[PDB]
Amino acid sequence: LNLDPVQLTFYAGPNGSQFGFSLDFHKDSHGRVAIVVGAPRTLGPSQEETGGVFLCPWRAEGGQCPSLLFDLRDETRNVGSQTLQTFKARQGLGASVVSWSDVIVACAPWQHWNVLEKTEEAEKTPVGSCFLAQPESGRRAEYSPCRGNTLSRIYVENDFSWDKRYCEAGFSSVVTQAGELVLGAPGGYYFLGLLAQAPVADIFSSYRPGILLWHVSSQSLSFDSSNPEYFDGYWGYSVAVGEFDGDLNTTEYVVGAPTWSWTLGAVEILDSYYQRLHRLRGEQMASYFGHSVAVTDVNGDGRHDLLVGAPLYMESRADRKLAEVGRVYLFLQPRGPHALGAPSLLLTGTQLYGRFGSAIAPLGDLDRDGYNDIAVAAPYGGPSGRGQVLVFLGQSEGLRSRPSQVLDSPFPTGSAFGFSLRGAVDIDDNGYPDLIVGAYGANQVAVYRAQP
């Protein structure tokens, strides 16, 4: 209802850096809110693309931001009659960023890795890696759970089981309230996809520079499968956490598998041991059902509801014609030992090729009426195709079909305005939660403030 579209703030990164590809609010020990922005095509210090991360302090006038510094030097280690190698060129540092407590986790899903042993190798592949930073102390740590030291031939002899070479760890990411980092790795197990989880504290305490292959004893990875429904499913393209089984002592995970079962797509709700609690199947092949997932209670009953996005959904129209517009599916959580059912609401985009449901952000209670609200992005929506973000307010009955407010892109064509989104944090301390929108195509982030 009330985000100010006139009084925006713009934060800018370097040309061609994709500043705004990912973002999050980060709060320091004192309590001051800043904005973490990922910029996965930022040039490194040797003019080669490595990606980068920026920490922006809140200013009404916005502007440039300091670079949260990370080690962009490749590493080599000759140990145990092998040669371990990291490759940070084109790694896409900041393709995902997430904040937890006083920690920032920025990931490079296309960081490559190889192990040489005489004339053999593991193969130079994108295992992915996450860089962890603690701004107020300077501490750095890394996490790269898919790195192995198994040679190519052995995978072949074992029919490519437990093949983590193409994980792209940190493609998606989320952190629980307790401090468990959960990474989506959609290239895991020969492109089925997997999840890796580990406590943030343990990542820091087990990491030393130059080791490259090390143990995080408390880590837990998901499982490989011979079920063809999972092949090429990109399970972990998106990830999120919530409470979906009544037991508050446990945390449930929501995983996006947008090409699951021959491109039908799926989202799964899992316990923290990775046992399936529920599966939500996509509606239409190639719709990318599971591109986005969002967890928030919108109907005010204290039970987390689930939102799933299928940005390439094609709507039926006059004379048997289909029209790619995108769709978002709302699933309200019922009471008792009852699973998620059919959707309570379908929100369909209106602009052709708009990719409505490309991103879904919980906003918190934007107008303080009691019900939490969400924002949905159509990165190429609006009459002009410049991009659009639509606010839907919560009510007793779920969400409204009619958006309360539409935010048109202030940037030019190709900005991908809305491709990334974050809310539910009051950046200016006025008592109302605000919204940050990324437009990686324009190398900028826009901050919208909520008002009485």
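From 1 onward, residues are counted along the sequence shown. Between two forms, the rigid core is the largest collection of C-alphas that superpose within 1.5 Å.
The rigid core fit leaves 332 to 340 as the farther-lying stretch in 8 other deposited structures of this protein, judged by Cα positions and set against 332 to 340 and 173 to 181. The mean C-alpha temperature factor is higher for 24 to 32 when 64 to 72 and 24 to 32 are set side by side. Mean C-alpha B-factor is higher over 271 to 279 than over the other stretch, the pair under comparison being 271 to 279 and 149 to 157.
For the set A95, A359, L183, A266, the PDB entry assigns the largest Cα B-factor to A359. Across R139, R165, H338, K118, the greatest Cα temperature factor reported in the deposited entry is at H338. Looking at the C-alpha B-factors along this chain, the one for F87 belongs to the middle third.
Annotation for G242: CA B-factor lies in the lowest third of the chain's modelled residues. Among the modelled residues of the chain, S46 sits in the middle third by CA temperature factor in this PDB entry. Compared with the other modelled residues of the chain, the Cα B-factor recorded for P209 ranks in the lowest third. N78: CA B factor lies in the lowest third for its chain, per the PDB record.
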